[PDB]
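Structural features, examined
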Amino acid sequence: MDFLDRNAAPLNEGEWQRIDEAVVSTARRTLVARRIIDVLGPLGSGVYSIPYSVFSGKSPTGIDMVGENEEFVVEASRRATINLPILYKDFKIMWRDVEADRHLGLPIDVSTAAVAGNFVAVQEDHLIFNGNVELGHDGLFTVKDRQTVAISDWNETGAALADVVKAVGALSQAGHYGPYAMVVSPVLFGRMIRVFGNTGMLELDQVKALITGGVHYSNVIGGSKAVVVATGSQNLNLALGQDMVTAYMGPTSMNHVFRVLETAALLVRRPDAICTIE
Amino acid sequence: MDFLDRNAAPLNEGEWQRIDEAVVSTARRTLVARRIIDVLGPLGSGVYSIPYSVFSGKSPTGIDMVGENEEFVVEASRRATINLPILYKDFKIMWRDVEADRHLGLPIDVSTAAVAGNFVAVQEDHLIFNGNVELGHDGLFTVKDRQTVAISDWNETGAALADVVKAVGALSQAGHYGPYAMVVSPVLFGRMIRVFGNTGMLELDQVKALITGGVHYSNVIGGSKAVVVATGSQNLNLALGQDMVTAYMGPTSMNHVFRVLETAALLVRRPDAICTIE
Amino acid sequence: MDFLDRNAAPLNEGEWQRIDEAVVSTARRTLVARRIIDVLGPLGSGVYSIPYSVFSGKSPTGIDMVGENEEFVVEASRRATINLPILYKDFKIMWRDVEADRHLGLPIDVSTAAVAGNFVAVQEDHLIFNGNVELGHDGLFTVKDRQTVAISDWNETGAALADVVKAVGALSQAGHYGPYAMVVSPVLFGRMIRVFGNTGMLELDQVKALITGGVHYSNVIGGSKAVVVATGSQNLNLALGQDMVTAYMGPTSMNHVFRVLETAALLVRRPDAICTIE
Amino acid sequence: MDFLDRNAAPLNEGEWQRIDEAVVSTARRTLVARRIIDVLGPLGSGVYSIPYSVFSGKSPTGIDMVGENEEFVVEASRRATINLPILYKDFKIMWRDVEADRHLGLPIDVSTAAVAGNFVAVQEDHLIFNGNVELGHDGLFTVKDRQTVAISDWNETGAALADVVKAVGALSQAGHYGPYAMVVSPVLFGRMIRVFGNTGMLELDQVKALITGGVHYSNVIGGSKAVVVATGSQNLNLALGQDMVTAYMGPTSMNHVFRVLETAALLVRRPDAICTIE
Amino acid sequence: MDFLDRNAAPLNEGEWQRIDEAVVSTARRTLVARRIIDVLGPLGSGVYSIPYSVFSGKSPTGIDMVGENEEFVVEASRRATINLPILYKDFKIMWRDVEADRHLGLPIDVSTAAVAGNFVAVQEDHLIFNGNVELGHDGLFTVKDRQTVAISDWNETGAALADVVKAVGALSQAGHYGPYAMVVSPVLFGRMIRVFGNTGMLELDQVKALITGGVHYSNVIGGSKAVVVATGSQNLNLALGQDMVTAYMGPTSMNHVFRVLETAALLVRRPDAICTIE
Amino acid sequence: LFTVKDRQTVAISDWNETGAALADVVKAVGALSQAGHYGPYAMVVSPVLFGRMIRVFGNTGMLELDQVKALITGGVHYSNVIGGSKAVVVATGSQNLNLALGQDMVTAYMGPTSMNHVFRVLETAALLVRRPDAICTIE
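Residues numbered from 1 in each chain as written, not as in the entry; some residues may be left out. Chains lettered and ligands numbered in written order. Part of a larger assembly, values for the part shown. Heavy atoms only, no water.

Looking at the method and resolution fields of the entry, one finds cryo-EM and 3.40 Å.

The following threshold applies: UniProt positions are given in the numbering used here, feature names are shortened, and annotations may be inferred rather than shown by experiment.
By the naming in the PDB entry, chain F is Encapsulin, taken from Dendrosporobacter quercicolus. Looking at the PDB record, one finds the entry titled "Structure of Encapsulin from Dendrosporobacter quercicolus". In the Subcellular location (unreviewed entry) part of its UniProt record, chain F is described as follows: "Encapsulin nanocompartment". The record held by UniProt for chain F lists under Sequence similarities (unreviewed entry) the comment "Belongs to the encapsulin family. Family 1 subfamily."

Taking the PDB entry as the reference, chain A is identified by name as Encapsulin belonging to Dendrosporobacter quercicolus. Annotation of chain A in UniProt includes, under Sequence similarities (unreviewed entry), the sentence "Belongs to the encapsulin family. Family 1 subfamily."

1. Section: the overall build of chain F
Here is the rule: Where helices and strands are cited, they refer to DSSP runs of H or I of at least four residues and of E of at least two residues respectively, numbered from the N terminus. Values of the radius of gyration come from C-alpha atoms, whereas the globule rule sets the reference at 2.2 Å times the count of residues to the power 0.38. Think of it in three bands: residues with accessible area under 20% of the maximum for their type are buried, residues over 50% are exposed, and the middle band is partly exposed, with areas taken using a 1.4 Å probe on protein chains only.
From N to C terminus, chain F includes three helices and nine strands. Counting from the amino terminus, helix and strand elements in chain F follow one another as β-α-β-α-α-β-β-β-β-β-β-β. A globule of 139 residues ought to have a C-alpha radius of gyration of about 14 Å, yet chain F, at 19 Å, is considerably larger. Burial analysis of chain F (139 residues in total) assigns 35% to the buried set.

2. Considering the pattern of salt bridges
Note that side chains of opposite charge can pair when their charged atoms are close. Going by this rule: Whenever a carboxyl oxygen of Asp or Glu lies within 4 Å of a side-chain nitrogen of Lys or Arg, that contact is scored as a salt bridge.
One pass over the full model with this rule turns up 55 salt bridges over all chains. When the shortest N-O distance is used, the salt bridge between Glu278(C) and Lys225(C) registers 3.1 Å. Placement of the pair is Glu278(C) in the segment after β13 (274–277) and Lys225(C) in the loop between β7 (215–217) and β8 (226–230), with a sequence separation of 53 residues. For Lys225(C), a relative accessible area of 30% corresponds to the partly exposed category. The shortest N-O distance in the salt bridge between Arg259(E) and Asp90(E) comes to 2.5 Å. Of this pair, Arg259(E) sits in strand β10 (residues 255–268) while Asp90(E) sits in strand β4 (residues 86–93), placing them 169 residues apart in sequence. Exposure remark for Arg259(E): the relative accessible area of 8% places this residue in the buried category. Residue class for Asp90(E) comes out partly exposed when judged on its relative accessible area of 37%. Look at the salt bridges and you will find they share partners, linking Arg34(A), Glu124(A), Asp243(A) and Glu262(A) into a network.

3. What about the nonpolar core?
Just so we agree on the cut-off: Remark: nonpolar core denotes a set of buried residues (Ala, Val, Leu, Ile, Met, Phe, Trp, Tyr, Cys) joined through side-chain atoms within 4.5 Å.
Core analysis: the largest hydrophobic core is formed by 82 residues, its most contacted members being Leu140(C) and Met182(C). Broken down by element, this core gets its largest block of residues, nine residues, from helix α5 (residues 159–171) of chain D. Among the nonpolar cores identified, the runner-up in size contains 57 residues, and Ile277(A), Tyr180(B), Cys275(B) and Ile277(B) belong to it.

4. Considerations on the relation of the copies chain C and chain D
Copies of the same chain, two in number, are related to each other by a rotation about an axis and a translation along it. Selection criterion: Here the copies share a frame obtained from least-squares fitting of C-alpha atoms. The contact rule is simple, with two residues in contact once any of their heavy atoms fall within 4.5 Å.
Superposing chain C onto chain D takes a rotation of 59° plus a shift of 3.3 Å along the axis, which leaves an RMSD of 0.8 Å. When the interface residues of chain C are mapped onto chain D, a mere 2% of them again lie at the interface, so each copy presents a different face.

5. Structural notes on the layout of surface pockets
We apply this condition: Put simply, the grid is 1 Å and covers the protein atoms alone, a cavity is a trapped set of points that fit a 1.4 Å probe, a pocket is an open set with protein on both sides within 12 Å along at least five of seven lines, and lining residues have an atom within 4 Å of a point. Grid points are joined across faces, edges and corners, and a volume is the space filled by probe spheres set on the points. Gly counts as polar in this scheme, as do all residues outside two lists: the nonpolar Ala, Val, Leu, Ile, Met, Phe, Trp, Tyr, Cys and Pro, and the charged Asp, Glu, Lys and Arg.
Its volume calculated, the second largest pocket comes out at about 730 Å³. Contributing to the lining of the second largest pocket are 25 residues, with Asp97(E), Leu106(E), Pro107(E), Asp109(E) and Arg130(F) lying nearest its centre. Elements represented by at least two residues in the lining of the second largest pocket include exactly β4, α3 (95–104) and α4 (111–130) of chain E together with β5 (98–101) of chain F. Ranked by the residues each element gives to the lining of the second largest pocket, the list is headed by α3(E), at four residues. When the residues that make up the lining of the second largest pocket are grouped by side-chain class, the tally is 15 nonpolar, five polar and five charged.

6. Some words on the interface of chain C and chain D
The condition that has to hold: When two parts are brought into contact, each loses some accessible area as probed by a 1.4 Å sphere; the total of that loss over both is the buried area.
Taken together, the contact between chain C and chain D spans 46 residues of the former and 41 residues of the latter. Across the chain C/chain D interface, buried area totals approximately 3800 Å², and carbon plus sulfur atoms make up 59% of it. Our enumeration of links across chain C and chain D arrives at one salt bridge. A salt bridge links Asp97(C) to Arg79(D), with the shortest nitrogen-to-oxygen separation between them at 2.8 Å.

7. Quick notes on the side chain of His256(D)
Residues and elements named next belong to chain D. To keep things clear, this is the line we draw: Here a polar contact is recorded for every N or O atom pair within 3.5 Å, except that within protein the pair must consist of a potential hydrogen donor and a potential acceptor, and residues adjacent in sequence are included only if both atoms are side-chain atoms.
For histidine 256, the position within the fold is in strand β12 (residues 255–268). A relative accessible area of 14% places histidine 256 in the buried class. Within the structure, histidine 256 has its side chain in polar contact with the side chain of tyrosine 248 (distance 3.1 Å). In this structure, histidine 256 is in contact with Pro10, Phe91, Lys92, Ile93, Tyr248 and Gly250, ignoring residues within four places of it in sequence.

8. Observations concerning the environment of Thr81(C)
Residue and element names in this part refer to chain C. Residue placement: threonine 81 occurs in strand β3 (residues 78–83). With 124 residues separating them in the primary sequence, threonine 81 and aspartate 205 have C-alpha atoms 40 Å apart. In contact with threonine 81, not counting residues within four places along its chain, are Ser49, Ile50, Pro51 and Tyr52.

9. Digging into empty space enclosed by the protein
Under the counting rule described, the total for this entry stands at 11 cavities of 30 Å³ or more. Of the voids in this model, the largest cavity is the one considered here, and its volume is about 150 Å³. Residues that form the lining of the largest cavity fall into these classes: nine nonpolar, two polar and five charged. Here the second largest cavity defines a volume of roughly 110 Å³.

Written out as C-alpha cells, the structure is:
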C-alpha cells in the first residue's frame, strides 16, 4: 500500500498512535453528519467512484399465502455514480520538537494534528450539508428531488412545531416512516429555544418528542434553514473511501510536513427521504 | 431445509452476513409492533397455521387453605385457528456489483436489501394494526370483541387524558390490569403535543405517566385513532413462522434477484385486552 | 436424453415416484384414444417430424398365369410429412408444501400434478379426434375422405343400433372388415343404455356384440357425434415422440414449477378406415 | 406419541387384544364411506389441520410446436384449509367385572366397547356424507359445486338406471370417467331391486355393471338421496389423523373409563367429481 | 469471475466451441474500429468506470542550463471519468434442436449466435464512431475539440486526396504526426476509387500511401463523412471491460437463452488527434 | 431467392445507360442497410445484364464492373437460371442463408438395362431462407 508512507517519517509508533488518537477524537466531537448519517465502508484507499442506485419511487409490498407475484420488486429509478473527492489540510511539526522528544522526552504537541483534524471535519460537514458546486456534488440542501416546506415565522410559538409536523407529513407521504432526525441552523436553533412564551416550555424539547432521532445546530448551515432526514442505511450513507488519517509528505525546509486527508462522499440514495424546511 | 437456497447465490458468507445485518437492523428500527407486541417463536419455516385459544371470559381465582375446588379453571371461549401469510418484497443485485466485489473488492451495496426490509416491515405493521381483509385476518383496529371508547375533541387540553382514563377504565373492567401501552396515529399525536395550553405541559408526558409502557405514533394508523393494549404474552403475541430473512430466487436476465420474506401473524388471544379510542 | 432434469429439483426420489405414478395413472384413466388406436413408438424425444404414406386410392390387381405385367404397383395417393407438436401443461408445487414435508411430515399435494396430467391427456384426446387448426392437423372428425354416415335421433330405441349397422356397412363396403371400435359423445352413450326391444340385453350389449373392439366415450366429441374406426396399426397409428413425462423448470417466484409434456401426432394412413356418425 | 398409553391401564395384554378386536370388528361391519373413498394417510396423531387445493375451474392447455408460452399453468380455484375434528365416545368398564375376570375367569364385558366403536363409526359415516354445520364441514351431499340430478320416482322399472345414466352423463361431460361409485339411501336401494325387463338380472346388477366401483347403502342417509362419486385420490380422500383407537382416560371412582376416538375429515379436492341424485 | 459459467448450461464442450467460434468469426468480419484504434486491456469483467486525462491544452517546456524552474509540469486540461456500458443481445436456442443433436447428430443451429455476434459488433462500432446520447458518450465524429475540414464534392479527381491533405495539414500543425488512419462512409469510399491522373494507381492507393495506417469503411457512418485519426495509445484507446463473450442466462420455458455481451467504451485522451472531414 | 415474398426489392433501371447498374446496386445496398444488413454482400446477374456492366464507368476511367466488385466484396456472378433482366443481392453467411445438403453430389450404380450400364448422379439440397429480408432482388 504505503501511499501513507509513515515509514519515512521520524515519528515513532507511540507518536503515531497519539496523532491518530488526536485526529479520531477530534473527528468524533466535531462531526454532526456521522451522528445522523451512517458510515458506509470504509471502502478502501483506491476506490475513485461509486455506482449507486436511486430508489426514488414508491411501490407496493407483496402479501399472500404463497408468493404468487413478481411485480413486488424494488427497481432503481436510476443508477447514478459519484466520484469521491479528497478533503485535506496540512500541518507542520517543527524538527526541534521531534529532537526534544527523541532526546529529552518532552513529547510532540500533536495539537497541530488535532487542529488539522478539525479544519478537515468542518469541511466534511460543509460538503455534506451544503454540497459542493465545483466538484458537481449535491447535499441535503441542494439535492433536487427532495421534499421541501415553506418555513413560517419561527418567532411565533406555534411556528416550529407546525413546520416540523408539515415536514414529517411530507416524509410520511413518501412512505418514509421514522425515526426522523433534524439539523437546524443556529439562527433558527436560537429561536426554537427563544420563543417559549408564557407557555413556558422549550420548543426544542417539544420537537424532540416527535423527532426522536434528536435535533442539532450546525453553524455550517448558513441562514435560516433546517433539514429533516429519515435516518438509516436504507436512505443515506456517508461513503468514506479512506477514513480520516494523517499522511507524511517528507520535509519542507528542515521542518516536517504532514497531511490529514479524507475521501468521503454523500450517497443520497433516496431524495424523497429528505425534507428541507427553508 | 434449503428452501432458502443460499448455496446457489454467488454472495459469499461475508456478503450474506452483511445482508442479514442490514435487514435485521432495519427491522429493529422500523417496527413499532414488536415494541408492544411480544414475539412468539419463531415456530419454524413449515408451519402453515396455528390453533390458538380465545380467553375472552373473566372468571374467579381460587383462594383456600387447601385447594378444595375445581371450578377455578381457565377455559377457552373458543379455539380459533389462523393461517400464516407471507409478506414479501424483492430486490435485485446487479451482476456487475458482484463482479466488482469479487475482483476489485468494492463491496456490495446491501442498501437494496435494507430498502426491501423496510418495505416488508411497513407491511408487517400494516397487517398487524389494520388487519387484512382479503386474507381474512383481524387487527387491533378490526378485532370485533375489543373494547371501544368514543374519542373526544383532542384539540381541548382536557380531552386526551380523560379519554385515556376512559380506556384504562374499560380495560380494568375486563380485569386487565397494567402495564398498558398505547399507539396513536400522527394526526392525534400531533395534537397531544400541540394543546399544552397555558398550563404549559405536554399531554404526551401526562399520559406517559399512566400508560407506563409508553406512547408511539405510527403513520400506518390512518385518520384519528388510537389503541390501548394491555401488553404481554398473556394477551397477544406476534407469531413469526420464519423470521425476516432474504432468499435467493436465481437470476433474471443476467442480474441476480433476491426476496425478503416474512410469515408473521397476530394472535389476538384476548380481545378484551384491546381498547381502541376512535 | 436428459432434456429434463431430476436433480436440480428439490424433490427426493419418493416424491418424483409419486408424481410420475399420479401422472401415468391419470393418463391411463383418461387416454381413451390409446385404447382404440395403436401407439407407433414412442420413437424418442429427438424426433421432430415424420414422413407417412396415405393410400386413399384403389388400384387394379394382378391375375395372370405368368405375372408379366408390372403396372400393378402400390401407389401412395399422397406421400406426406407431419410435424409432432408439444402437448404440455405446467403444475406448480409450493415451497411451503416441500417445507412442511421436509420438517413436519405432511406429504406433498401432488393433486396439481395429476390435474396437469389430466389436462395433457385431454389435450391429446382433443388433438386426435378434432385436430389443431393452427398446426393444420387432421383429426378423425376432420379427415377429408372419411365415411360420412348421417345420424338419426337416438331417442328411438334401436336407432343407435341402426346407425351402427349403417357405419359398419359403409366400412365393410371399403375393404375394412372388423374388429371395429367406436367412440361416442357421452350424451349418446347414455342413450345407448336401453334394453333393446324384446331382446333381453342392452343396446350397448348388441353394439358391443357387433363392435367387438368395444365402445368408449370421451368429453371432447361434439354433441351427438360418434366415430367408428376399423382398428389396427395398419389403418391408423398414433406417433409419439417423447411419451408423457414430467420435467422441472426451475423456480418461478420462489415456488417450484414443473412441466408435463408429450409430443404426439395422428397418422391417418387410411382415410377410408374411418366412419363418423354425424 | 404416548398421548394414549397402556402401561397405566389395568388390563393384561389379552384383555386389550379382545377389547381392540371387539371395537375394530364392530367398526368394519359399519364403515361404508371407507369403501367408496380412499383413506389418506393416516397422517399422524398430531396433524391438526391440512392445506388442500380445490380445482373448480378449468384452463387451456399448451398445444404448440416449441412450447414458448408460459400462461399454461395449473392454478387452484382456491387454496383452502380443513380442521380435523375428534370423533369419540367414552365407555366405562366397571372395576368389579375386571376383578372377577382375574379370579374367576368370567370375561371382561366388551359390549360397551363394541357400542362405542359403532357410535364412532356411525359418526364418521354421518360426518362424511351429511357433514356437520358447527364445524362448517361440507359433506358429499352438501358441497356447493357438486353436480345434481332431479330424481324420478324410481317406481317405474328402469328409472333408477335412467337416473344413474343421467349421473354418469354429468360426471362425464365434466372431465371425470369411471370407475364411479355410488351410495344410496335404503328406501331407494330396495327400489333398485327389480328384475330389469327381459334381461334376467336385477336392475341393481345393471347399475353395478355401469357403476363398477360399487353400490352401497347406509341408513345414515335420509329420504330419496343418492351420491355418485368418481373415485380416486385425484378427486376425494378421507384424511385420517388418528385411525380409530382405544384410549385409557384413567379411573373414575374406582371404575375404569376408556375412550374410543378417531380424527377424520373429508377432503373434496374436485367438487365436480361428485354428483347427487336428489 | 463466474458471473458467466458453463457448468449450469446443457451444452457439451464441442457445442460451446462451435457457438463461441460462430460468434467470434462473425464479429471479426465486422469489427472495423478495432482496426483503427488500440484496445486497452481488456481490464477486467468488473471494471465499471475509468478515470482518464484529457490533454487539450498546451504549455511551455523547460529549456535552461540548470533546470531551476518548477512551473514546467504537464497538467491535464481536465480529469474525467467514463462509465462502461454493456453491449448485448439475447439469442434463444430452442431445446428440441439440442435434444435432436444428442440423438440424431443434427447440429445445433448456431445462426442465432452469429446474428447476436453481428448485432453486438455493429453496436460496438456505432457506439465508437457515432456515440450514444443517453449515455453521454461522445464519438469520433462528435467529440468537441476534434479538428474539422469542410469536405469538397470528391467528384473531381484528386478532391479526396486534397481533403486528406487538408486533414493531415490539420493533425500536423497540432502536434500529431503519422501513422494516421482513416475511416470513410461507403458513398465516399466508392468516390475514392478513381485512377489518379497519369499515375497508374488508384486515388485510394495514393490516400493509402499518405495514410499508411489504413483506410476502411463502415456502413454505420451516414452521408458524406470521414474521420482521420492519429493512431496510438498516447491518443485514443478502446477500453474493454469484458471482451465479447457468450453467457447462459438460464432457461425460459424449457428453451435455453444465451446472452452475447460486451462492455466497451471510447477513451479520447487527446481530442486534437481526431480530424473529421465533413 | 427471386420468389420469397418477404424479400426486399428494387425497380430495375435500363442498364443500357451508363452507371445505371451501379446506381441500382447503390439502391439495393441502401435497402439492405435500411433492413439492418451490412456486408459482405454478394450478387448474381443474368448475362444479358452482366455484359452491360463491362463499360468504362465514365470520367472515373475504370470498368463499372470493378466499381461493383469494389462495392460488393463477395463478387459479381452470373448464371443461366436467372432468366431475363434480373439480379439478386445477398447479405452472405449462415446468419442469413444456408444451403443444406443431405447427400452431396454422388454417382450410384443402377444396374444394367438392356445390357448398357445405367448410372445415377444424385444430390439432396434445399434452401434455408433464414432471413428473407437479407435478400434484395433487382427486377
